[PDB]
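Chemist: Can you keep this structure in mind? I'll have questions shortly.
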Amino acid sequence: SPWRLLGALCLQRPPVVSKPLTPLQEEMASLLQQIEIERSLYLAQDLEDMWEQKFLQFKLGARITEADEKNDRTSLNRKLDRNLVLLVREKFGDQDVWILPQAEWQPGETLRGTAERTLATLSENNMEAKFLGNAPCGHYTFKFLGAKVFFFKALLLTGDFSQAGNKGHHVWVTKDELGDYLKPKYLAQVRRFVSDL
Amino acid sequence: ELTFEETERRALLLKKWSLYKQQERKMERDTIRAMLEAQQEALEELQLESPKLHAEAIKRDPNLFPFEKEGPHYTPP
Amino acid sequence: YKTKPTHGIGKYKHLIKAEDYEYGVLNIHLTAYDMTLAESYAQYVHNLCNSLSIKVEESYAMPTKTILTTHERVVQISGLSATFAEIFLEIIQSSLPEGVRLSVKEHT
Amino acid sequence: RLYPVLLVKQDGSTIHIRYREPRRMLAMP
RNA sequence: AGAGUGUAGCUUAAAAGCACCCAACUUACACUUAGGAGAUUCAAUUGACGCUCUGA
């Protein structure tokens with residue numbers, strides 16, 4: 001039977017900023033600090049004042065660059081405390097669905113080669129990605145002539161995402177907007193293999 | 001020396017962290033099972049739809065031996 | 001007794017062992033600014049390993065080096081499946097708390 | 001005693017460390 | 001649309017036992033000691049709320 005060969009890639013951007021501590025974790029931090037003080041085994045004022053003013057003079061880099069934008073979905077720095085996933089709008093001849101970046105593959109090209117091609121096929125940038133294994137993460141088959149789509153996985157080491165204002169609709173989705181943007185069951189189940197954490 | 005109220009608060013903190021990390025390990029295990037079964041059903045579908053690709057799906061990428069990936073920070077470059 | 005049906009009912013040494021693509025010996029090196037953080041992460045990774053049924057051999061440490069000091073830890077790992085290695089490594093990546101250096105180096 | 005001192009290696013990545021004599025700011029040259 | 005249907009993770013357990021987590025002893029694991037959380041999907045053996053499979 002005529003089969004429509006299609007692969008894909010669920011790119012993963014790891015969090016550059018660790019998640020902020022909950023008040024429960026802050027209470028545990030206080031408890032561990034006080035037990036550490038209890039278990040501890042043995043002009044300072046001027047030094048403390050100088051060191052605290054050294055702390056005060058420099059402003060710490062904001063852990064959240066997200067509240068100011070509210071519209072920069074295309075920006076690579078949409079979120080910092082969580083993983084990000086690339087997601088680009090696509091328009092087919094018979095369909096128009098917000099679809100994870102896919103690609104067409106041939107039997108002369110392996111799945112790893114298809115993923116490596118897809119790394120720069122649609123973003124036209126100099127992004128640096130890393131692969132773990134040939135094992136995929138999700139498979140979804142929708143027919144009209146058979147077809148299949150393989151959602152793979154990759155991790156971003158560094159990225160020179162030039163011309164961020166691309167003609168595409170790349171919107172970085174962490175966990176929540178996946179259901180909002182991908183309605184059909186064949187595309188709303190990506191969160192099963194997306195690291196929700 | 002310590003008082004009774006602080007000991008009770010310590011016990012409550014231990015209980016609440018027990019519950020919190022219990023939920024943490026539970027959700028981590030749920031993610032593990034969910035994505036593992038997703039990968040297994042993906043492999044089964046790949047075997048069913050391609051008898052010549054499941055043989056090359058099991059092989060490992062030889063670039064993982066010098067693997068390297070840094071963790072998170074607070075202030076990005 | 002040898003001739004009796006109950007022969008060998010008391011043997012035990014056969015139950016004691018005193019001495020398909022898979023990895024080899026894997027060393028995870030954890031260098032950290034904090035003794036407490038390094039120890040906690042070593043405990044966490046060891047718990048993950050013995051919950052996922054990973055043969056862990058050693059959890060030793062390198063000697064301290066001064067040029068402040070950085071504490072080093074080692075986790076030994078043996079036995080990985082295709083998807084199992086991927087899930088293990090990605091869980092480690094997503095569970096690295098703060099400013100710690102991982103490693104997938106080998107022996108020697 | 002240990003204190004939460006912020007440390008930076010070469011690029012400006014503040015990290016909390018348990019360090020004696022709370023400096024609140026460290027920068028490796 | 002149809003079938004299997006159904007006790008917390010597992011039980012030819014009947015509300016239990018294993019599992020599971022931290023606290024201390026451990027480099028660590030483990031042991032031990034202290035603690036912690038848990039279910040028989042809703043109505044009368046039956047019907048309908050949820051899961052898996054077979055299709056579009």
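In the structure tokens, chains take the letters A, B, ... in the order shown, each chain's residues start at 1, and ligands count up from 1 in the order shown.
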Compile the residues of chain B that lie within 8 Å of chain A, evaluated using only C-alpha atoms, and express the compilation as a ChimeraX atom specification.
Modeler: /B:10,13,16-17,27-28,31,34-35,38-39,41-43,45,57-61,64,69,71-76
Chemist: As a VMD selection string, please: all residues of segment 22-104 of chain C that backbone DSSP puts in helix (DSSP H, G or I).
Modeler: chain C and resid 35 to 51 82 to 95
Chemist: Using only C-alpha atoms, what table do you get, as a tab-separated table, when you list each residue of chain C with an atom no more than 12 Å from chain B, its nearest pair of atoms, and their distance in Å rounded to one decimal, rows by chain then rising number?
Modeler:
```
residue	atom	partner	partner_atom	distance
C:20	CA	B:58	CA	8.5
C:21	CA	B:59	CA	7.0
C:22	CA	B:60	CA	8.7
C:23	CA	B:65	CA	9.2
C:24	CA	B:65	CA	9.9
C:25	CA	B:65	CA	10.7
C:26	CA	B:65	CA	9.1
C:27	CA	B:65	CA	10.7
C:28	CA	B:67	CA	10.6
C:29	CA	B:68	CA	11.2
C:30	CA	B:70	CA	11.5
C:31	CA	B:70	CA	11.8
C:32	CA	B:71	CA	11.8
C:44	CA	B:25	CA	11.3
C:47	CA	B:25	CA	11.2
C:48	CA	B:25	CA	10.3
C:51	CA	B:29	CA	10.5
C:52	CA	B:32	CA	10.5
C:80	CA	B:60	CA	10.7
C:81	CA	B:58	CA	9.1
C:82	CA	B:58	CA	6.3
C:83	CA	B:39	CA	7.9
C:84	CA	B:36	CA	8.7
C:85	CA	B:60	CA	9.6
C:86	CA	B:60	CA	10.0
C:87	CA	B:32	CA	7.8
C:88	CA	B:32	CA	9.6
C:89	CA	B:67	CA	10.0
C:90	CA	B:69	CA	10.4
C:91	CA	B:32	CA	8.9
C:92	CA	B:71	CA	9.7
C:93	CA	B:71	CA	6.9
C:94	CA	B:71	CA	8.3
C:95	CA	B:71	CA	9.0
C:96	CA	B:71	CA	6.1
C:97	CA	B:72	CA	7.5
C:98	CA	B:72	CA	5.8
C:99	CA	B:71	CA	5.9
C:100	CA	B:71	CA	6.4
C:101	CA	B:70	CA	6.2
C:102	CA	B:70	CA	7.2
C:103	CA	B:68	CA	6.4
C:104	CA	B:67	CA	5.8
C:105	CA	B:66	CA	6.4
C:106	CA	B:65	CA	7.8
C:107	CA	B:65	CA	11.4
```
Chemist: Can you check which residues of chain E have any atom within 9 Å of chain C? Use only C-alpha atoms (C1' of nucleotides) and format it as a PDB file with N, CA, C and O atoms (P, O5', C5', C4', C3', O3' and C1' of nucleotides), in the first residue's frame.
Modeler:
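Saved the output as result-v1.pdb:
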```
ATOM      1  P     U E  27      30.704   5.862  56.148  1.00  0.00           P
ATOM      2  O5'   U E  27      30.086   7.107  55.371  1.00  0.00           O
ATOM      3  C5'   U E  27      30.780   8.344  55.296  1.00  0.00           C
ATOM      4  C4'   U E  27      30.626   8.970  53.933  1.00  0.00           C
ATOM      5  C3'   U E  27      29.290   8.728  53.249  1.00  0.00           C
ATOM      6  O3'   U E  27      28.276   9.619  53.676  1.00  0.00           O
ATOM      7  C1'   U E  27      31.033   8.247  51.738  1.00  0.00           C
ATOM      8  P     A E  28      26.877   9.042  54.209  1.00  0.00           P
ATOM      9  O5'   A E  28      26.323   8.179  52.989  1.00  0.00           O
ATOM     10  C5'   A E  28      25.971   8.800  51.762  1.00  0.00           C
ATOM     11  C4'   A E  28      25.940   7.810  50.624  1.00  0.00           C
ATOM     12  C3'   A E  28      24.966   6.653  50.774  1.00  0.00           C
ATOM     13  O3'   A E  28      23.636   7.001  50.434  1.00  0.00           O
ATOM     14  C1'   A E  28      27.065   5.821  50.100  1.00  0.00           C
ATOM     15  P     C E  29      22.406   6.357  51.241  1.00  0.00           P
ATOM     16  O5'   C E  29      22.307   4.875  50.673  1.00  0.00           O
ATOM     17  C5'   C E  29      22.139   4.640  49.284  1.00  0.00           C
ATOM     18  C4'   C E  29      22.397   3.198  48.937  1.00  0.00           C
ATOM     19  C3'   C E  29      21.602   2.173  49.726  1.00  0.00           C
ATOM     20  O3'   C E  29      20.277   2.011  49.256  1.00  0.00           O
ATOM     21  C1'   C E  29      23.862   1.517  49.662  1.00  0.00           C
TER      22        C E  29
END
```
Chemist: Identify, on the basis of only C-alpha atoms (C1' of nucleotides), every residue whose closest approach to residue 18 of chain B does not exceed 8 Å; exclude the query and any residue fewer than 5 positions from it along the same chain; express the result as a PDB file with N, CA, C and O atoms (P, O5', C5', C4', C3', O3' and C1' of nucleotides), in the first residue's frame.
Modeler:
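Saved the output as around_36.pdb:
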```
ATOM      1  P     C E  21      11.268   4.316  47.935  1.00  0.00           P
ATOM      2  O5'   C E  21      10.813   5.586  48.781  1.00  0.00           O
ATOM      3  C5'   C E  21      10.424   6.786  48.131  1.00  0.00           C
ATOM      4  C4'   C E  21       9.987   7.841  49.117  1.00  0.00           C
ATOM      5  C3'   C E  21      10.985   8.191  50.205  1.00  0.00           C
ATOM      6  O3'   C E  21      11.995   9.082  49.769  1.00  0.00           O
ATOM      7  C1'   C E  21       8.862   7.866  51.177  1.00  0.00           C
ATOM      8  P     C E  22      13.521   8.835  50.203  1.00  0.00           P
ATOM      9  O5'   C E  22      13.665   9.631  51.573  1.00  0.00           O
ATOM     10  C5'   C E  22      13.649  11.049  51.586  1.00  0.00           C
ATOM     11  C4'   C E  22      12.992  11.588  52.830  1.00  0.00           C
ATOM     12  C3'   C E  22      13.828  11.582  54.095  1.00  0.00           C
ATOM     13  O3'   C E  22      14.723  12.677  54.147  1.00  0.00           O
ATOM     14  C1'   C E  22      11.635  10.806  54.567  1.00  0.00           C
ATOM     15  P     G E  36       2.672   7.972  62.055  1.00  0.00           P
ATOM     16  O5'   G E  36       2.766   8.444  60.540  1.00  0.00           O
ATOM     17  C5'   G E  36       2.980   9.808  60.219  1.00  0.00           C
ATOM     18  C4'   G E  36       2.973  10.018  58.729  1.00  0.00           C
ATOM     19  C3'   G E  36       1.898   9.260  57.969  1.00  0.00           C
ATOM     20  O3'   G E  36       0.648   9.923  58.000  1.00  0.00           O
ATOM     21  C1'   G E  36       3.980   8.980  56.886  1.00  0.00           C
TER      22        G E  36
END
```
Chemist: Counting only C-alpha atoms, a student should be able to say which residues of chain A come within 9 Å of chain D; what is the right answer, written as a PyMOL selection string?
Modeler: chain A and resi 33+36-37+40-42+48+51-52+54-55+58+60-61
Chemist: Can you work out which residues from chain A touch chain E at a cut-off of 12 Å (counting only C-alpha atoms (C1' of nucleotides)) and hand them back as JSON, numbers by chain?
Modeler: {"A": [32, 142, 143, 144]}
Chemist: Sorted by chain and rising residue number, which residues of chain B lie within 12 Å of chain E, and what are their closest atom pairs and distances in Å to one decimal, counting only C-alpha atoms (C1' of nucleotides), as JSON lines?
Modeler:
```
{"residue": "B:10", "atom": "CA", "partner": "E:23", "partner_atom": "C1'", "distance": 10.8}
{"residue": "B:11", "atom": "CA", "partner": "E:35", "partner_atom": "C1'", "distance": 9.5}
{"residue": "B:12", "atom": "CA", "partner": "E:36", "partner_atom": "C1'", "distance": 10.9}
{"residue": "B:13", "atom": "CA", "partner": "E:22", "partner_atom": "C1'", "distance": 11.1}
{"residue": "B:14", "atom": "CA", "partner": "E:22", "partner_atom": "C1'", "distance": 7.6}
{"residue": "B:15", "atom": "CA", "partner": "E:36", "partner_atom": "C1'", "distance": 6.5}
{"residue": "B:16", "atom": "CA", "partner": "E:36", "partner_atom": "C1'", "distance": 9.2}
{"residue": "B:17", "atom": "CA", "partner": "E:22", "partner_atom": "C1'", "distance": 7.7}
{"residue": "B:18", "atom": "CA", "partner": "E:22", "partner_atom": "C1'", "distance": 5.7}
{"residue": "B:19", "atom": "CA", "partner": "E:37", "partner_atom": "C1'", "distance": 6.8}
{"residue": "B:20", "atom": "CA", "partner": "E:21", "partner_atom": "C1'", "distance": 9.8}
{"residue": "B:21", "atom": "CA", "partner": "E:21", "partner_atom": "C1'", "distance": 7.4}
{"residue": "B:22", "atom": "CA", "partner": "E:21", "partner_atom": "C1'", "distance": 5.8}
{"residue": "B:23", "atom": "CA", "partner": "E:21", "partner_atom": "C1'", "distance": 9.6}
{"residue": "B:24", "atom": "CA", "partner": "E:21", "partner_atom": "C1'", "distance": 10.1}
{"residue": "B:25", "atom": "CA", "partner": "E:21", "partner_atom": "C1'", "distance": 8.4}
{"residue": "B:26", "atom": "CA", "partner": "E:20", "partner_atom": "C1'", "distance": 9.2}
{"residue": "B:29", "atom": "CA", "partner": "E:9", "partner_atom": "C1'", "distance": 10.1}
{"residue": "B:30", "atom": "CA", "partner": "E:9", "partner_atom": "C1'", "distance": 10.6}
{"residue": "B:33", "atom": "CA", "partner": "E:9", "partner_atom": "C1'", "distance": 11.2}
```
Chemist: List every residue of chain D that DSSP, applied to the backbone of this structure, assigns to strand (DSSP E), and report them as a PyMOL selection string.
Modeler: chain D and resi 3-8+15-19+26-27
Chemist: Take the residues that were just selected and, keeping N, CA, C and O atoms, output them as a PDB file, in the first residue's frame.
Modeler:
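As written to disk, result20.pdb reads:
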```pdb
ATOM      1  N   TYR D   3      27.164  29.585  54.924  1.00  0.00           N
ATOM      2  CA  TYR D   3      26.332  30.710  54.532  1.00  0.00           C
ATOM      3  C   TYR D   3      26.102  30.692  53.029  1.00  0.00           C
ATOM      4  O   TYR D   3      26.960  30.221  52.274  1.00  0.00           O
ATOM      5  N   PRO D   4      24.955  31.211  52.564  1.00  0.00           N
ATOM      6  CA  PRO D   4      24.625  31.232  51.119  1.00  0.00           C
ATOM      7  C   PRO D   4      25.271  32.385  50.350  1.00  0.00           C
ATOM      8  O   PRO D   4      24.703  33.456  50.138  1.00  0.00           O
ATOM      9  N   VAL D   5      26.501  32.158  49.912  1.00  0.00           N
ATOM     10  CA  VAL D   5      27.260  33.142  49.147  1.00  0.00           C
ATOM     11  C   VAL D   5      26.985  32.934  47.665  1.00  0.00           C
ATOM     12  O   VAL D   5      26.924  31.798  47.184  1.00  0.00           O
ATOM     13  N   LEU D   6      26.814  34.031  46.931  1.00  0.00           N
ATOM     14  CA  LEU D   6      26.642  33.965  45.486  1.00  0.00           C
ATOM     15  C   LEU D   6      28.012  33.944  44.820  1.00  0.00           C
ATOM     16  O   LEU D   6      28.893  34.727  45.181  1.00  0.00           O
ATOM     17  N   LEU D   7      28.190  33.042  43.858  1.00  0.00           N
ATOM     18  CA  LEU D   7      29.469  32.861  43.186  1.00  0.00           C
ATOM     19  C   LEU D   7      29.279  32.920  41.675  1.00  0.00           C
ATOM     20  O   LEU D   7      28.258  32.475  41.145  1.00  0.00           O
ATOM     21  N   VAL D   8      30.279  33.482  40.995  1.00  0.00           N
ATOM     22  CA  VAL D   8      30.320  33.594  39.543  1.00  0.00           C
ATOM     23  C   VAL D   8      31.696  33.143  39.071  1.00  0.00           C
ATOM     24  O   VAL D   8      32.717  33.588  39.609  1.00  0.00           O
ATOM     25  N   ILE D  15      25.503  31.658  41.583  1.00  0.00           N
ATOM     26  CA  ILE D  15      25.126  30.362  42.133  1.00  0.00           C
ATOM     27  C   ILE D  15      25.236  30.439  43.649  1.00  0.00           C
ATOM     28  O   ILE D  15      26.237  30.938  44.173  1.00  0.00           O
ATOM     29  N   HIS D  16      24.211  29.956  44.348  1.00  0.00           N
ATOM     30  CA  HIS D  16      24.246  29.900  45.803  1.00  0.00           C
ATOM     31  C   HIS D  16      25.147  28.757  46.256  1.00  0.00           C
ATOM     32  O   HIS D  16      25.003  27.622  45.792  1.00  0.00           O
ATOM     33  N   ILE D  17      26.073  29.057  47.163  1.00  0.00           N
ATOM     34  CA  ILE D  17      27.024  28.081  47.682  1.00  0.00           C
ATOM     35  C   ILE D  17      27.057  28.210  49.198  1.00  0.00           C
ATOM     36  O   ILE D  17      26.897  29.307  49.740  1.00  0.00           O
ATOM     37  N   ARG D  18      27.231  27.085  49.886  1.00  0.00           N
ATOM     38  CA  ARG D  18      27.456  27.100  51.329  1.00  0.00           C
ATOM     39  C   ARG D  18      28.930  27.403  51.562  1.00  0.00           C
ATOM     40  O   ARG D  18      29.789  26.535  51.395  1.00  0.00           O
ATOM     41  N   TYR D  19      29.231  28.643  51.940  1.00  0.00           N
ATOM     42  CA  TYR D  19      30.604  29.089  52.105  1.00  0.00           C
ATOM     43  C   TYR D  19      30.753  29.847  53.417  1.00  0.00           C
ATOM     44  O   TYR D  19      29.843  30.561  53.850  1.00  0.00           O
ATOM     45  N   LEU D  26      31.054  36.586  44.842  1.00  0.00           N
ATOM     46  CA  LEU D  26      32.361  36.057  44.484  1.00  0.00           C
ATOM     47  C   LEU D  26      32.484  36.045  42.970  1.00  0.00           C
ATOM     48  O   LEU D  26      31.521  35.726  42.269  1.00  0.00           O
ATOM     49  N   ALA D  27      33.671  36.376  42.468  1.00  0.00           N
ATOM     50  CA  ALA D  27      33.918  36.407  41.031  1.00  0.00           C
ATOM     51  C   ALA D  27      35.311  35.865  40.758  1.00  0.00           C
ATOM     52  O   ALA D  27      36.305  36.476  41.165  1.00  0.00           O
TER      53      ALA D  27
END
```
Chemist: For a quick check of understanding, using only C-alpha atoms, which of A:70, A:122, A:82, A:77 has the smallest distance to residue 20 of chain A?
Modeler: A:82
Chemist: Pick out the residues sitting within 6 Å of residue 153 of chain A, and hand them over as a VMD selection string; count only C-alpha atoms (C1' of nucleotides), and ignore anything fewer than 2 positions along from it in its own chain.
Modeler: chain A and resid 9 to 11
